[PDB]
């Protein structure tokens, strides 16, 4: 079946708990595979130790810049960037997992978890999964955001990997 992966998240060095994500490899296999491998770290790099660097309440929590930790970096398991696989899955509500980008076909490792329906991102960002468990953790992360995206606590993915 589709991969299940996890992110364990700290805020200022204290654990918030675990976010479990289903990756929709049935719809976006290349995008799912990238995220899965970045969670396990099996290519020699990935999300472990990186941060949620941009969090905006009533919008989304963004992470995955494990090279620059500020929204300018990250890389995929294929190369620095890879194409938009498809836009078949939509930003239907809170819990949607989607790829951040810098325009068409600039997927790397940065991703976001929506805390609302973000319908205006349909056809622009590749949705590739959703939150199975840990929306409470996502809401905590969200609460440490701001209008500018600047976080008020240091939000770190302390551990991550594959459950199935």
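Positions refer to the first chain, counted from 1.
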### Task
Would you mind comparing 92 to 100 and 63 to 71 for me and telling me which has the higher average C-alpha temperature factor in the entry?
63 to 71
### Task
Rank-wise, by C-alpha B-factor, drop residue 54 into the lowest, middle or highest third of its chain.
middle
### Message
Please place residue 43 in the lowest, middle or highest third of its chain according to the CA B-factor in the PDB entry.
### Response
highest
### Task
Classify residue 16 as lowest, middle or highest third according to the C-alpha B-factor given in the PDB entry, relative to its own chain.
highest
## Note on the structure
Entry-reported C-alpha B-factor of residue 124 relative to its chain, by third, is middle
### Query
C-alpha B factor of residue 23, ranked within the chain: lowest, middle or highest third?
lowest
